[PDB]
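Colleague: Please read through the structure below; I'll follow up with questions.
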Amino acid sequence: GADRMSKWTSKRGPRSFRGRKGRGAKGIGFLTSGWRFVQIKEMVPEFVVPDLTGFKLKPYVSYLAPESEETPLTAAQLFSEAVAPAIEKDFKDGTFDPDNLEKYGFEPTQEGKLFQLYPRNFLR
Amino acid sequence: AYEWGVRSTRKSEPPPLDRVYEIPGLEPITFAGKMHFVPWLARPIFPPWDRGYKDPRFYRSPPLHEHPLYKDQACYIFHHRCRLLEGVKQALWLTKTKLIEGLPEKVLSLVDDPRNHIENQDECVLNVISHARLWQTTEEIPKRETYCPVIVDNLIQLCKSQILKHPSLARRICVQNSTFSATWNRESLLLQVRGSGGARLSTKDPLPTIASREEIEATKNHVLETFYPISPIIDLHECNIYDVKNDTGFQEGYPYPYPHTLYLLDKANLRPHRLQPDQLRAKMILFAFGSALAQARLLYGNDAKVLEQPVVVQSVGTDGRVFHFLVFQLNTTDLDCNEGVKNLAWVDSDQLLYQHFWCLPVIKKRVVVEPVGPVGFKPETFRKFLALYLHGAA
Amino acid sequence: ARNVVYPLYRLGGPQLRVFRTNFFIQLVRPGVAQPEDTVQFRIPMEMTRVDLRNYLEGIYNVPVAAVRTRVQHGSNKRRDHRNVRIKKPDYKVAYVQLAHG
Amino acid sequence: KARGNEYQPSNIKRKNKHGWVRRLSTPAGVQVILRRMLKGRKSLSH
Amino acid sequence: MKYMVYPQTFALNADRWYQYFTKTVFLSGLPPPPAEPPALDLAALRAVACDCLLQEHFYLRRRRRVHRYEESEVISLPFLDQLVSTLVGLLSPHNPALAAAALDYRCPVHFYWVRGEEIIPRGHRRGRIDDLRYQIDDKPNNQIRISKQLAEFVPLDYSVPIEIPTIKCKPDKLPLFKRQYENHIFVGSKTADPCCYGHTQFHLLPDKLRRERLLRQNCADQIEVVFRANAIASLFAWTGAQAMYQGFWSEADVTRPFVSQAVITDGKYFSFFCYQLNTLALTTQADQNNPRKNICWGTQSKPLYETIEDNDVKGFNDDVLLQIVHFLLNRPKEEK
Amino acid sequence: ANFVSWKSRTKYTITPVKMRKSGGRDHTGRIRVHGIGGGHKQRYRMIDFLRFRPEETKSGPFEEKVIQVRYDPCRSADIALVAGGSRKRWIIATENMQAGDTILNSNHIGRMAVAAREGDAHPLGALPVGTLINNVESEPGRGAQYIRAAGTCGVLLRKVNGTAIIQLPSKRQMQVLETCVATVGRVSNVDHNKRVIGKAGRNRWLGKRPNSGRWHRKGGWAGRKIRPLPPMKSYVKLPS
RNA sequence: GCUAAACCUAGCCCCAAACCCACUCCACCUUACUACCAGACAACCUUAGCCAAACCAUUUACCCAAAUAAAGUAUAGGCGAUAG
RNA sequence: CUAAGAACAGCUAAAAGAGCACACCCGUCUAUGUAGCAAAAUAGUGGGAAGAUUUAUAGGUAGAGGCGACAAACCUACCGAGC
RNA sequence: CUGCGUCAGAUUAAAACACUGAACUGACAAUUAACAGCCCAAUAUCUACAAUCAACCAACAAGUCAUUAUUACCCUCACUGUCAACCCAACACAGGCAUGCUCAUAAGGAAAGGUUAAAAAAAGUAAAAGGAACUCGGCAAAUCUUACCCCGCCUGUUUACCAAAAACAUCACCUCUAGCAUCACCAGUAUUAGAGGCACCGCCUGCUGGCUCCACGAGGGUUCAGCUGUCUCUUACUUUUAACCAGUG
Ligand SMILES: [K+]
Ligand SMILES: [K+]
Ligand SMILES: [Mg+2]
Ligand SMILES: [Mg+2]
Ligand SMILES: [Mg+2]
Ligand SMILES: [Mg+2]
Ligand SMILES: [Mg+2]
Ligand SMILES: [Mg+2]
Ligand SMILES: [Mg+2]
Ligand SMILES: [Mg+2]
Ligand SMILES: [Mg+2]
Ligand SMILES: [Mg+2]
Ligand SMILES: [Mg+2]
Ligand SMILES: [Mg+2]
Ligand SMILES: [Mg+2]
Ligand SMILES: [Mg+2]
Ligand SMILES: [Mg+2]
Ligand SMILES: [Mg+2]
Ligand SMILES: [Mg+2]
Ligand SMILES: [Mg+2]
Ligand SMILES: [Mg+2]
Ligand SMILES: [Mg+2]
Ligand SMILES: [Mg+2]
Ligand SMILES: [Mg+2]
Ligand SMILES: [Mg+2]
Ligand SMILES: [Mg+2]
Ligand SMILES: [Mg+2]
Ligand SMILES: [Mg+2]
Ligand SMILES: [Mg+2]
Ligand SMILES: [Mg+2]
Ligand SMILES: [Mg+2]
Ligand SMILES: [Mg+2]
Ligand SMILES: [Mg+2]
Ligand SMILES: [Mg+2]
């Protein structure tokens with residue numbers, strides 16, 4: 001007589017079932033002896049809210065604007081806008097070598113970085 | 001012989017290695033690259049793994065021999081949970097002391113006159129017993145882990161009301177959660193006592209000596225009784241990872257350095273978890289010896305000789321209904337040999353404060369046979385408790 | 001944030017920081033009489049009271065003293081023309097008390 | 001005596017007997033899920 | 001079903017709520033001294049106060065490391081028990097009543113009372129009159145019970161020009177939770193105990209309600225609330241239970257005031273409170289025409305010491321120490 | 001079935017270890033022995049059946065003092081707690097054993113026999129012929145397995161060429177080496193077989209369930225049928 | 001004249017042809033759809049029987065890779081039923 | 001069957017698979033009912049009710065079988081062999 | 001798992017009703033943690049002495065609760081359960097349903113839709129004189145009652161849904177098998193274990209068989225006395241049913 005086609009949630013089951021099931025919220029600590037919960041400050045996501053005083057942009061855009069075509073950003077486009085200008089100046093000067101690619105901005109490895117790209121270790 | 005642990009409950013033998021590993025110059029093809037198990041590929045051999053950082057929740061201690069405080073010679077530790085097999089007879093040999101039945105005359109003479117007795121003393125003790133076992137909590141019959149400590153704190157509080165007659169009781173306090181350490185040798189046996197739990201009555205003045213000089217010198221003719229084949233270190237925690245260190249429990253500068261009395265409580269609901277009357281007195285003697293030995297070493301250094309001013313430490317051990325009294329005097333700190341000066345210990349055994357307590361009336365055939373209250377109350381037992389508390393202040 | 005993978009934390013690790021959050025709360029009028037300082041919000045299930053405490057202080061600069069949350073069950077009794085149960089989504093109700101009176 | 005009430009609901013028993021973990025424990029129960037996946041069952045287990 | 005009233009509570013403005021539950025008006029300061037017709041050594045009391053204080057922090061050697069969450073239950077708790085035990089012995093010459101007094105360590109105090117009415121909103125009992133029942137299960141760290149009753153602070157008919165706060169919503173919004181269990185009226189001992197009158201209570205706030213944590217939770221103005229919310233609930237439950245032991249209840253209201261004292265501390269800061277139970281009739285049937293109300297006096301929290309460094313106490317306060325002595329020196333009036 | 005034996009402890013101790021009943025069920029979960037189930041809960045007390053087990057720091061003959069002789073639920077006989085040196089262990093008590101008695105455990109075989117005392121453990125090569133023995137072992141280092149039950153006692157019939165003949169309680173002879181350690185005297189609870197159960201309820205207290213109600217015509221002789229030979233097949237039954 | 005009665009699509013069937021699908025974020029072998037800790041558990045093994053032989057007991061057809069033909073032929077088989 | 005729990009007033013009696021007798025368990029007799037309140041119930045009268053008792057929870061034994069104080073009983077309201 | 005809270009609805013069948021109609025539809029609202037759940041660094045090492053007011057005493061069925069040494073560690077209150085007139089029986093079903101309190105309530109409820117007062121049927125009450133003459137049978141009812149026989153020692157167990165027994169089990173007795181260990185038997189060892197017969201005990205017997213007997217029984221018969229509408233011989237009244245009116249069907 002049980003409903004097998006309804007979502008199984010923490011509101012169903014005995015006491016042991018109800019307390020063990022959650023709602024999707026991430027854990028921010030661990031349980032120690034004596035059923036005492038220790039909250040870790042670093043596990044709590046801290047919001048980086050910027051100062052919005054004197055900010056020009058607003059939630060909406062005025063209709064009196066041109067209908068510019070959409071140009072998705074690509075890796076080739078970003079390389080030309082950022083890294084290519086520096087290489088051209090160094091290429092003309094004649095001081096260019098693959099050993100110095102780290103100076104242009106290339107990262108041989110992601111280890112030792114606060115924000116690794118793959119696998120990423122930062123939230124949205 | 002018969003081994004303990006059936007082979008089914010033990011960890012099963014790991015499966016035999018695949019025969020690809022037995023062929024030299026041949027690299028096996030395993031599922032280590034797939035990061036999951038498959039049956040049609042060889043089982044990889046994983047090298048041992050280290051976490052790489054210290055995690056308190058998942059810490060593993062180094063092997064025992066790698067511990068810094070590791071000694072080949074074992075040290076036998078006596079604590080609150082040790083239950084000696086021979087009781088007092090085993091405790092007397094470890095502490096090198098002579099047993100004397102009955103409390104000293106000087107201690108008992110303090111409460112011999114009616115002038116030092118408490119006003120309405122008999123009624124006050126009955127109300128302390130009645131409150132502890134009947135009126136203490138909401139439940140009709142409180143457990144022993146509840147009235148055993150309370151019945152002792154109230155008696156101390158009852159004896160602490162005599163400051164009006166004796167202004168010398170204002171120089172003492174009751175310390176809880178106090179510990180001490182004491183290390184010595186008994187025939188090439190390194191022994192250590194780590195007392196904890198109970199109440200430690202501290203005083204600003206040391207207790208006066210009980211036995212005279214001639215009585216102490218008469219202990220050389222006494223010989224310690226043996227209990228072969230049972231070893232003196234039986235039922236002791238034989239530990240190879242220890243630290244020989246003397247500790248009075250307090251740092252230098254404590255206003256109440258001299259211990260007066262140790263109160264020991266067997267507050268356990270289960271009878272097997274409670275020390276026997278013979279074993280409880282054994283715990284008292286070792287703790288009284290351990291507390292007195294730390295004072296002797298702190299004041300007279302870490303030598304081994306006959307003390308010029310012997311230290312007297314009292315102890316009262318109770319089960320909540322049965323009381324044991326001990327007066328231990330430390331006469332020497334050279335315990336390696338069995339000859340010479342030996343310590344003295346006055347012990348009173350099996351002192352009943354009350355024979356039985358009825359928390360409910362006994363109604364048989366609609367007749368109240370036994371009313372609520374203590375049965376067989378002995379006021380003489382509390383006099384001994386009062387005499388020990390009044391020692392050093394009268 | 002919700003529907004994202006939180007980077008794992010170990011002892012000595014960096015502070016977990018979120019720069020863009022997808023949590024959207026909505027202030028609602030309580031259906032029952034409430035204390036004056038009490039404020040009621042509807043928050044996503046993934047949101048905790050610790051996150052909501054920093055959410056209001058960090059974004060709206062609202063000092064908060066106590067946050068209490070509960071999960072509200074959505075009725076599954078409604079059925080359509082096919083006799084198939086229609087589920088009202090469950091939402092979490094948060095009760096926020098102002099700090100300085 | 002009176003019959004018809006043989007079913008006494010219990011979530012612990014229901015999940016342990018007909019659960020997803022219980023089905024996949026044995027190769028025979030995996031085919032039970034495979035048949036229901038082939039048939040198109042809305043619920044493959046409890 | 002009855003509301004579980006917790007004296008040491010994390011609820012905001014719980015003092016204002018508990019005044020309505022107990023019909024108590026809170027007054028600043030202490031009761032006025034009675035203008036009515038030995039040598040007290042302050043130095044001896046000051047030394048013992050520091051010796052007991054320094055014993056737990058510095059002198060006593062811990063076998064294992066004491067953690068932050070264990071400070072209340074390993075350092076603060078033994079200090080409170082030991083300080084009271086020594087003070088009652090040092091004040092016995094100055095107050096004979098303390099000698100024949102019962103001192104308790106962490107004994108439960110229960111009081112069950114009925115105040116208010118509600119109309120059940122839902123269920124088969126909807127629309128029916130059901131009384132609001134309350135239960136206080138308080139376990140003070142220390143308390144002193146005496147055979148005689150202390151003198152009243154103000155007369156029974158005395159009234160103040162202060163209105164008792166009234167809640168506009170249901171008690172569930174405190175938050176307060178209902179639970180059905182055994183109803184107890186307990187002063188700390190059974191009715192057979194001769195020492196059925198209370199003298200002074202000693203409370204230790206839990207580390208969850210510590211001053212430092214409330215500052216992180218923007219509860220700076222709630223620091224004083226926790227002290228007087230515990231006092232109002234604990235003392236009303238204590239005085240109310242004492243009145244019940246004397247045969248008084250809602251219909252047979254008390255004929256004489258019942259008073260008690262309380263000292264609320266977190267280990268460092270101390271607060272002192274005095275309570276008088278003028279009325280025990282709180283049911284809507286009996287409180288409709290009841291003119292009198294219970295009175296509670298309170299002091300601001302003050303630190304006993306500023307900082308403990310090694311074996312020296314910095315900024316020790318004798319005013320806080322003397323206030324503890326005056327509470328203990330209070331004795332019932334003697335007959336002719 | 002997810003059956004795990006409770007016999008997982010690997011370190012000897014005198015502490016009573018909690019054991020779980022089987023009900024006649026094997027590891028598969030099906031009944032393998034009938035009539036077993038229920039009864040009062042019992043805690044198993046580990047018994048050291050190797051009487052001569054010198055300590056780690058000691059060797060040779062040693063002595064033990066009996067502390068207490070008590071009741072053991074697991075076995076018919078009583079057990080005794082003995083202390084030798086710095087250890088305590090459970091052994092099977094003899095008929096005449098009290099608290100305070102001293103027992104001797106040795107592996108020495110002298111040229112002549114020695115005065116055998118009840119409860120002492122000596123090798124079979126140093127015991128007089130005919131002395132009652134119990135808790136014998138097949139080979140040295142094997143441990144006592146035979147003559148364990150209450151009141152049981154063996155007989156040292158003869159000793160020849162380093163081997164001895166042991167008469168088991170079932171009146172069967174057994175040949176073992178003379179270096180096997182045995183206990184002198186009978187086992188405790190001699191009048192154990194003289195007990196009266198009294199009621200069917202007491203058998204359910206011991207963990208024994210009632211026998212099956214089926215009338216089994218099968219038996220040792222009734223169930224097994226001798227096949228008549230063709231010559232004798234004619235005379236099997238004659239009408240009367 | 002009420003209840004009703006009528007309707008033409010939705011889609012489907014059989015062929016031909018050609019070898020099909022499954023990463024938006026999040027969760028999913030633990031009690032699936034559950035962020036986050038020492039495992040070592042691992043897969044493979046003739047189908048049988050109904051039915052026919054008027055019972056049944058040997059036996060009794062089941063695509064194995066080219067339609068047709070050789071040919072229901074050589075063979076097999078309680079030399080029976082039938083198989084081939 | 002296993003694990004770890006719970007329950008049994010009062011009275012007579014005695015350290016009782018004792019007696020009376022509630023809760024509780026069972027279902028002796030009679031009557032009602034027979035598409036019924038009920039695919040086995042109701043009312044009264046009865047047996048047991050400190051024990052081989054009753055009972056909640058989780059686990060185990062599965063059909064060539066299980067389990068059974070043998071009634072060819074029971075194994076999810078057709079078990080001489082479940083669906 | 002939102003299933004008599006609010007509001008609205010062309011609304012309108014919950015086995016009658018219904019405008020506020022509402023246990024229907026739609027929308028809105030809600031149950032806030034202190035209770036409960038979710039626990040614990042490693043390695044060794046410890047844990048003979050029940051419970052029952054635990055003190056007497058008396059047991060067997062032998063039991064439901066304990067650490068230390070060293071190393072590591074001083075960050076803090078998150079998450080989930082919280083409603084109701086509710087669950088299992090196809091139903092708003094006289095059934096089934098664990099524990100704590102209340103032991104007659106301080107809580108929770110309504111047997112009669114209206115009428116009439118035929119038969120028959122059900123339940124209950126009363127009855128002259130007689131008191132089992134009724135009947136397969138003192139079944140039912142009334143009363144509060146004696147003496148046996150048969151069978152089974154007894155408590156207990158069984159055909160859930162026609163058989164509760166004389167059947168099974170049962171101490172006690174008896175037969176048969178087995179000389180031993182690391183998953184049942186068993187962490188046991190012939191005073192043990194298993195497979196069986198019989199059904200205690202006591203007496204008698206062979207070298208296994210027959211009687212006696214204590215209590216006990218919703219077993220099967222018999223009987224004294226009483227009791228009574230069981231009957232001679234039925235009658236009166238009340239309730240349900242009944243019949244009529246209205247709704248549903
Ligand atoms: K046929
Ligand atoms: K019968
Ligand atoms: Mg279903
Ligand atoms: Mg919550
Ligand atoms: Mg069904
Ligand atoms: Mg059930
Ligand atoms: Mg048998
Ligand atoms: Mg039989
Ligand atoms: Mg055929
Ligand atoms: Mg046929
Ligand atoms: Mg009985
Ligand atoms: Mg009875
Ligand atoms: Mg049965
Ligand atoms: Mg039969
Ligand atoms: Mg038959
Ligand atoms: Mg069936
Ligand atoms: Mg909690
Ligand atoms: Mg009512
Ligand atoms: Mg009528
Ligand atoms: Mg009618
Ligand atoms: Mg008549
Ligand atoms: Mg007749
Ligand atoms: Mg009858
Ligand atoms: Mg019978
Ligand atoms: Mg009998
Ligand atoms: Mg019977
Ligand atoms: Mg039947
Ligand atoms: Mg039955
Ligand atoms: Mg029947
Ligand atoms: Mg029979
Ligand atoms: Mg007749
Ligand atoms: Mg007659
Ligand atoms: Mg008539
Ligand atoms: Mg009609």
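Each chain in the structure tokens gets a letter, A, B and so on, in the order shown; residues start at 1 in every chain, and ligands are counted from 1 in the order they appear.
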Got a sec: who's within 12 Å of residue 35 in chain B, counting only C-alpha atoms (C1' of nucleotides), leaving out chain neighbours fewer than 6 positions off, as a count of residues only?

Modeller: 3

Colleague: Compile the contact shell of range 30-33 of chain H as a PDB file with N, CA and C atoms (P, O5', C5', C4', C3', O3' and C1' of nucleotides), in the first residue's frame: residues with an atom at most 10 Å away, counting only C-alpha atoms (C1' of nucleotides), same-chain residues fewer than 2 positions apart removed.

Modeller:
ATOM      1  P     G H  36     -24.649  -7.080   2.537  1.00  0.00           P
ATOM      2  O5'   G H  36     -24.277  -7.618   3.989  1.00  0.00           O
ATOM      3  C5'   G H  36     -25.294  -8.028   4.888  1.00  0.00           C
ATOM      4  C4'   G H  36     -24.743  -8.359   6.252  1.00  0.00           C
ATOM      5  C3'   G H  36     -23.800  -7.341   6.871  1.00  0.00           C
ATOM      6  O3'   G H  36     -24.496  -6.263   7.472  1.00  0.00           O
ATOM      7  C1'   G H  36     -22.985  -9.555   7.209  1.00  0.00           C
ATOM      8  P     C H  37     -24.069  -4.745   7.173  1.00  0.00           P
ATOM      9  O5'   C H  37     -22.856  -4.481   8.170  1.00  0.00           O
ATOM     10  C5'   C H  37     -22.256  -3.199   8.258  1.00  0.00           C
ATOM     11  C4'   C H  37     -20.873  -3.273   8.854  1.00  0.00           C
ATOM     12  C3'   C H  37     -19.977  -4.384   8.332  1.00  0.00           C
ATOM     13  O3'   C H  37     -19.378  -4.071   7.087  1.00  0.00           O
ATOM     14  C1'   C H  37     -19.848  -4.301  10.691  1.00  0.00           C
ATOM     15  P     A H  38     -19.255  -5.194   5.943  1.00  0.00           P
ATOM     16  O5'   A H  38     -18.203  -6.233   6.533  1.00  0.00           O
ATOM     17  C5'   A H  38     -16.867  -5.843   6.803  1.00  0.00           C
ATOM     18  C4'   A H  38     -16.123  -6.913   7.561  1.00  0.00           C
ATOM     19  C3'   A H  38     -16.081  -8.284   6.905  1.00  0.00           C
ATOM     20  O3'   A H  38     -15.067  -8.383   5.921  1.00  0.00           O
ATOM     21  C1'   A H  38     -16.655  -8.511   9.190  1.00  0.00           C
ATOM     22  P     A H  41     -13.074 -13.209  13.789  1.00  0.00           P
ATOM     23  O5'   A H  41     -14.016 -11.978  14.148  1.00  0.00           O
ATOM     24  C5'   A H  41     -13.849 -10.721  13.508  1.00  0.00           C
ATOM     25  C4'   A H  41     -15.143  -9.951  13.469  1.00  0.00           C
ATOM     26  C3'   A H  41     -15.904  -9.867  14.783  1.00  0.00           C
ATOM     27  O3'   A H  41     -15.417  -8.855  15.645  1.00  0.00           O
ATOM     28  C1'   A H  41     -17.385 -10.510  13.068  1.00  0.00           C
ATOM     29  P     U H  42     -15.485  -9.054  17.237  1.00  0.00           P
ATOM     30  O5'   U H  42     -17.016  -8.798  17.593  1.00  0.00           O
ATOM     31  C5'   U H  42     -17.645  -7.565  17.282  1.00  0.00           C
ATOM     32  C4'   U H  42     -19.131  -7.628  17.526  1.00  0.00           C
ATOM     33  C3'   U H  42     -19.554  -8.045  18.925  1.00  0.00           C
ATOM     34  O3'   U H  42     -19.510  -6.982  19.859  1.00  0.00           O
ATOM     35  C1'   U H  42     -20.787  -9.279  17.333  1.00  0.00           C
ATOM     36  P     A H  43     -18.857  -7.212  21.308  1.00  0.00           P
ATOM     37  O5'   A H  43     -20.050  -7.811  22.174  1.00  0.00           O
ATOM     38  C5'   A H  43     -21.223  -7.052  22.414  1.00  0.00           C
ATOM     39  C4'   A H  43     -22.351  -7.922  22.904  1.00  0.00           C
ATOM     40  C3'   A H  43     -22.036  -8.815  24.092  1.00  0.00           C
ATOM     41  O3'   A H  43     -22.072  -8.132  25.332  1.00  0.00           O
ATOM     42  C1'   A H  43     -23.138 -10.081  22.442  1.00  0.00           C
ATOM     43  P     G H  44     -20.914  -8.381  26.418  1.00  0.00           P
ATOM     44  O5'   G H  44     -21.346  -9.734  27.137  1.00  0.00           O
ATOM     45  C5'   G H  44     -22.543  -9.792  27.897  1.00  0.00           C
ATOM     46  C4'   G H  44     -23.135 -11.179  27.914  1.00  0.00           C
ATOM     47  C3'   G H  44     -22.337 -12.247  28.640  1.00  0.00           C
ATOM     48  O3'   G H  44     -22.493 -12.199  30.046  1.00  0.00           O
ATOM     49  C1'   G H  44     -23.056 -13.090  26.561  1.00  0.00           C
ATOM     50  P     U H  45     -21.235 -12.481  31.006  1.00  0.00           P
ATOM     51  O5'   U H  45     -21.011 -14.054  30.897  1.00  0.00           O
ATOM     52  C5'   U H  45     -22.020 -14.962  31.314  1.00  0.00           C
ATOM     53  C4'   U H  45     -21.822 -16.333  30.716  1.00  0.00           C
ATOM     54  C3'   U H  45     -20.528 -17.044  31.075  1.00  0.00           C
ATOM     55  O3'   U H  45     -20.563 -17.658  32.351  1.00  0.00           O
ATOM     56  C1'   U H  45     -20.889 -17.207  28.751  1.00  0.00           C
TER      57        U H  45
ATOM     58  P     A I 122     -36.108 -15.448  16.932  1.00  0.00           P
ATOM     59  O5'   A I 122     -35.188 -14.198  17.284  1.00  0.00           O
ATOM     60  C5'   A I 122     -33.968 -13.975  16.595  1.00  0.00           C
ATOM     61  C4'   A I 122     -33.287 -12.721  17.081  1.00  0.00           C
ATOM     62  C3'   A I 122     -33.209 -12.560  18.588  1.00  0.00           C
ATOM     63  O3'   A I 122     -32.142 -13.290  19.166  1.00  0.00           O
ATOM     64  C1'   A I 122     -33.993 -10.555  17.632  1.00  0.00           C
ATOM     65  P     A I 123     -32.301 -13.925  20.632  1.00  0.00           P
ATOM     66  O5'   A I 123     -32.088 -12.684  21.606  1.00  0.00           O
ATOM     67  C5'   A I 123     -30.884 -11.933  21.566  1.00  0.00           C
ATOM     68  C4'   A I 123     -31.015 -10.622  22.298  1.00  0.00           C
ATOM     69  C3'   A I 123     -31.570 -10.692  23.709  1.00  0.00           C
ATOM     70  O3'   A I 123     -30.622 -11.112  24.671  1.00  0.00           O
ATOM     71  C1'   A I 123     -32.649  -8.960  22.544  1.00  0.00           C
ATOM     72  P     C I 139     -26.782 -28.583  29.973  1.00  0.00           P
ATOM     73  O5'   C I 139     -27.077 -27.890  28.572  1.00  0.00           O
ATOM     74  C5'   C I 139     -26.152 -27.996  27.501  1.00  0.00           C
ATOM     75  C4'   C I 139     -26.666 -27.301  26.268  1.00  0.00           C
ATOM     76  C3'   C I 139     -26.907 -25.807  26.407  1.00  0.00           C
ATOM     77  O3'   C I 139     -25.723 -25.049  26.230  1.00  0.00           O
ATOM     78  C1'   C I 139     -28.788 -26.825  25.394  1.00  0.00           C
ATOM     79  P     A I 140     -25.513 -23.669  27.025  1.00  0.00           P
ATOM     80  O5'   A I 140     -26.321 -22.605  26.161  1.00  0.00           O
ATOM     81  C5'   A I 140     -26.640 -21.330  26.690  1.00  0.00           C
ATOM     82  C4'   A I 140     -28.069 -20.957  26.390  1.00  0.00           C
ATOM     83  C3'   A I 140     -28.774 -20.138  27.459  1.00  0.00           C
ATOM     84  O3'   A I 140     -28.483 -18.755  27.374  1.00  0.00           O
ATOM     85  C1'   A I 140     -30.149 -21.946  26.832  1.00  0.00           C
TER      86        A I 140
END

Colleague: Could you list, as an NGL selection string, every residue of chain B that has an atom within 8 Å of an atom of chain I, counting only C-alpha atoms (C1' of nucleotides)?

Modeller: :B and (3-8 or 56-64 or 67 or 69 or 79 or 81 or 141 or 237 or 239 or 241-242 or 270-273 or 355-360)

Colleague: Hey, which of I:180, I:87, I:15, I:154 ends up closest to chain A? Count only C-alpha atoms (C1' of nucleotides).

Modeller: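 Checking each of I:180, I:87, I:15, I:154 against chain A, counting only C-alpha atoms (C1' of nucleotides), the winner is I:87.
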
Colleague: Give me the residues within 9 Å of residue 238 in chain B as a PyMOL selection string, counting only C-alpha atoms (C1' of nucleotides) and dropping any in the same chain fewer than 2 places off.

Modeller: (chain B and resi 74-77+233+235-236+240) or (chain I and resi 45+69)

Colleague: Could you save those same residues with C-alpha atoms (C1' of nucleotides) as a PDB file, in the first residue's frame?

Modeller:
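Final file, again11.pdb:
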ATOM      1  CA  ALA B  74      57.920  -2.455  32.759  1.00  0.00           C
ATOM      2  CA  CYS B  75      56.243  -0.052  35.181  1.00  0.00           C
ATOM      3  CA  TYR B  76      53.157  -1.296  37.028  1.00  0.00           C
ATOM      4  CA  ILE B  77      50.544   1.460  37.342  1.00  0.00           C
ATOM      5  CA  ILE B 233      52.126  -6.873  40.914  1.00  0.00           C
ATOM      6  CA  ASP B 235      45.970  -6.936  38.760  1.00  0.00           C
ATOM      7  CA  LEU B 236      48.208  -3.952  37.971  1.00  0.00           C
ATOM      8  CA  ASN B 240      56.126  -0.209  28.983  1.00  0.00           C
TER       9      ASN B 240
ATOM     10  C1'   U I  45      46.026  -2.869  27.473  1.00  0.00           C
ATOM     11  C1'   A I  69      49.082   3.702  29.129  1.00  0.00           C
TER      12        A I  69
END

Colleague: Between CA of residue 282 in chain E and CA of residue 134 in chain E, what is the distance, to one decimal in Å?

Modeller: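 Atom-to-atom, CA of residue 282 in chain E and CA of residue 134 in chain E are spaced 11.2 Å apart.
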
Colleague: Check the DSSP output for the backbone and give back, as number ranges by chain, the residues of range 37-113 of chain A in strand (DSSP E or B).

Modeller: A: 37-39, 46-47

Colleague: Tell me the residues of chain G close to chain B, meaning within 8 Å using only C-alpha atoms (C1' of nucleotides), as a list in words.

Modeller: residues 37, 40, 42 and 43 of chain G

Colleague: May I ask you to extract the residues of chain F within 8 Å of chain B, using only C-alpha atoms, and to give them as JSON, numbers by chain?

Modeller: {"F": [4, 5, 7, 8, 9, 10, 11, 12, 50, 63, 64, 65, 83, 84, 85, 86, 87, 141, 142, 143]}

Colleague: For ligand 27, return the neighbouring residues as a PyMOL selection string (distance at most 10 Å; only C-alpha atoms (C1' of nucleotides) and all ligand atoms).

Modeller: (chain D and resi 1) or (chain H and resi 71) or (chain I and resi 158-164)

Colleague: Which residues form the shell of 9 Å around ligand 7 when you count only C-alpha atoms (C1' of nucleotides) and all ligand atoms, given as a ChimeraX atom specification?

Modeller: /F:210-212 /I:196-197

Colleague: Please find the residues contacting ligand 2 at a distance of at most 12 Å between atoms, with only C-alpha atoms (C1' of nucleotides) and all ligand atoms counted, and report them as a ChimeraX atom specification.

Modeller: /H:28,47 /I:151-152,164-167,216-220

Colleague: Return as a list in words the residues belonging to chain G that are within 6 Å of chain D, counting only C-alpha atoms (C1' of nucleotides).

Modeller: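 Every residue meeting the condition is included here: residues 29, 31 and 32 of chain G.
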